[PDB]
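Chemist: Experimental structure and sequence below, a few questions after.
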Amino acid sequence: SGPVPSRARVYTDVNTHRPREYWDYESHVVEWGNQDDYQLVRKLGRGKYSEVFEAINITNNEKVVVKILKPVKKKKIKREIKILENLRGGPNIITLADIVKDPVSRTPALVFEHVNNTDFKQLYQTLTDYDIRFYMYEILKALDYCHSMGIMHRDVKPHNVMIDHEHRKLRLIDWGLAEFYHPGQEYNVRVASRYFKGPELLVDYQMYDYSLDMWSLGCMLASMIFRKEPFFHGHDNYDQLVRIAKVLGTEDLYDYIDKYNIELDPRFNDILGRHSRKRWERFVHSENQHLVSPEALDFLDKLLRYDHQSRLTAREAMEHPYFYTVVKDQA
Ligand SMILES: NCCCCn1cc(CCn2nc3c(Br)c(Br)c(Br)c(Br)c3n2)nn1
Ligand SMILES: [Cl-]
């Protein structure tokens, strides 16, 4: 008996109703510009599968960010580009400015709009209760859009969220793991970062959807309001589930496994054990209480679910009382 199939509650067939070329990214033709149009100023960091540089466009003298791609399948490069082009102009989505190759190394490079970003290691420790609600709302705008455009991000984490706190603007970046959602498709579970992997990835359930991003959002929200980074601190993919089980309890976990008839890895049986579902007040203490509210806990609780079908959609999340003040001020 194989695993029970699954479909997305929302935006299920959006890609099917679009032209083939929208999602069939393998056939997409790429027009490569010249890297000589950009002069690298300084290195912004050594990314996961790239080298990221701040650069200036010598044509119009404007600051950009050049992301030199590390050698990956051309198929995946076309995917990231096509997804970036499909989402351009969208709310809080990073803007792909250009696509170039170095004249010598012939190495593919992506050029993005610049964002005056403050790292979350320095920023998140300063954010107020409102700041969290505000920026969470901005990410939801991005998630709701890309989900509506038939795209899972599959790598939602603080490092992929550039925040210009001075101008209160937010950009969701790094779409290299993003993929088009098609109903019935079995996806690779080896995506996202370990601390932000959804349970479906940890138990190897391949037929997931947009709701994967909502779990990652939940992990982010938990780490911010509780000031515990990361919230689920596992030492590997297996222990990660154990860390989650020690919070959400093992009862809902095994029910989740039974519902989708998931064949659990033989390793899991001993390390999981038996754990109760903890109350969120346990994580509330003297230093984080000013960020924790009954609305926040209610909203967080509806993001962090084993059953991906039972998690809030992005739009549902935006309509939560947690964001009532934010919505009002944006009018
Ligand atoms: N934990 C120690 C601190 C070092 C880690 N770290 C990572 C970063 C982010 C660097 N960065 N900025 C980017 C901008 Br702006 C754009 Br636009 C794009 Br696209 C990318 Br990819 C960026 N990466 N800071 N500290
Ligand atoms: Cl959604």
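Modeler: Yep, that arrived. Numbering: from 1, shown residues only. Ligands and ions are numbered 1, 2, ... in the order given.
Chemist: What's the separation between residue 11 and residue 201?
Modeler: Distance of residue 11 to residue 201, given as C-beta to C-beta, to the nearest Å: 20 Å. Where you see a C-beta, it was placed from the backbone N, CA and C, and this is true even at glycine.
Chemist: for residue 32, that is, sorry about that
Modeler: According to C-beta to C-beta, residue 32 stands 34 Å off from residue 201.
Chemist: got it, and residue 17?
Modeler: Distance from residue 17 to residue 201, by C-beta to C-beta: 28 Å.
Chemist: what's the burial count for the residue in the stretch 151-300 of the chain that ligand 1 sits nearest to?
Modeler: Closest contact between the stretch 151-300 of the chain and ligand 1, by C-beta to the nearest ligand atom, is at residue 173 (4.4 Å). Residues lying near residue 173 (other C-beta atoms under 10 Å) number 22.
Chemist: So what's the residue count around the nearest residue to it once chain neighbours are set aside?
Modeler: Computed as C-beta to C-beta, 6 or more residues apart in numbering, the closest residue to residue 173 that is not its neighbour in sequence is residue 94, at 4.5 Å. When neighbours are counted by other C-beta under 10 Å, residue 94 registers 22.
Chemist: OK, contacts around residue 94?
Modeler: The contact partners of residue 94, taken as C-beta atoms under 8 Å, 6 or more residues apart in numbering, are 84, 112-113, 115, 162, 171-173, 175.
Chemist: swap in residue 268?
Modeler: By C-beta under 8 Å, 6+ apart, residue 268 lies in contact with 203, 238, 241.
Chemist: rerun that using 10 Å as the cut-off
Modeler: 202-203, 238, 241-242, 245, 253, 257 (C-beta atoms under 10 Å, 6 or more residues apart in numbering).
Chemist: Also residue 153?
Modeler: Here residue 153 is in contact with 83, 87, 93, 139, 142-143, 146-147, 160, 172-175, 177-179, 191-192, 210, 212-213, 216-217 (C-beta under 10 Å, 6+ apart).
Chemist: So which of those are in strands?
Modeler: 172, 179 (DSSP state E).
Chemist: So which residues on the stretch 201-331 of the chain come close to ligand 2?
Modeler: With C-beta under 5 Å from the ion as the criterion, the stretch 201-331 of the chain comes near ligand 2 at residues 210, 313-314.
Chemist: export the residues you listed to a markdown table and tack on neighbour count?
Modeler: Formatted as a markdown table, these follow (neighbours: other C-beta atoms under 10 Å):
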| residue | neighbour count |
| --- | --- |
| 210 | 26 |
| 313 | 19 |
| 314 | 23 |
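Chemist: Need the contacts of residue 94 in JSON lines (columns: distance to residue 233).
Modeler: Putting those into JSON lines (distance: C-beta to C-beta, whole Å) gives the following:
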{"residue": "84", "distance to residue 233": "32"}
{"residue": "112", "distance to residue 233": "31"}
{"residue": "113", "distance to residue 233": "34"}
{"residue": "115", "distance to residue 233": "28"}
{"residue": "162", "distance to residue 233": "24"}
{"residue": "171", "distance to residue 233": "27"}
{"residue": "172", "distance to residue 233": "24"}
{"residue": "173", "distance to residue 233": "24"}
{"residue": "175", "distance to residue 233": "27"}
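Chemist: What's the ChimeraX syntax to select whichever of the residues you listed are buried?
Modeler: Buried members of those, defined by 16 or more other C-beta atoms under 10 Å, are picked up in ChimeraX with:
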select :84,112,115,162,171,172,173,175
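Chemist: Going by distance to ligand 2, which of the contacts of residue 94 wins?
Modeler: residue 172 (13.8 Å; C-beta to the ion).
Chemist: of all of the stretch 151-300 of the chain, which residue lies closest to ligand 2?
Modeler: For the stretch 151-300 of the chain, C-beta to the ion, closest residue to ligand 2: residue 210, 4.7 Å.
Chemist: got the phi/psi numbers for that residue?
Modeler: Dihedral pair for residue 210: phi -60, psi -30, per degrees, to the nearest 10.
Chemist: same check, this time on residue 299
Modeler: Main-chain torsions, residue 299, degrees, to the nearest 10: phi -70, psi -50.
Chemist: Okay, and which of the contacts of residue 268 map to helices?
Modeler: For the contacts of residue 268, the ones inside helices are 202, 238, 241-242, 245, 253, 257, with DSSP state H as the criterion.
Chemist: are any of the residues you listed buried, and which?
Modeler: For the ones in helices among the contacts of residue 268, a burial check counting by 16+ other C-beta under 10 Å picks out 202, 241-242, 245, 253, 257.
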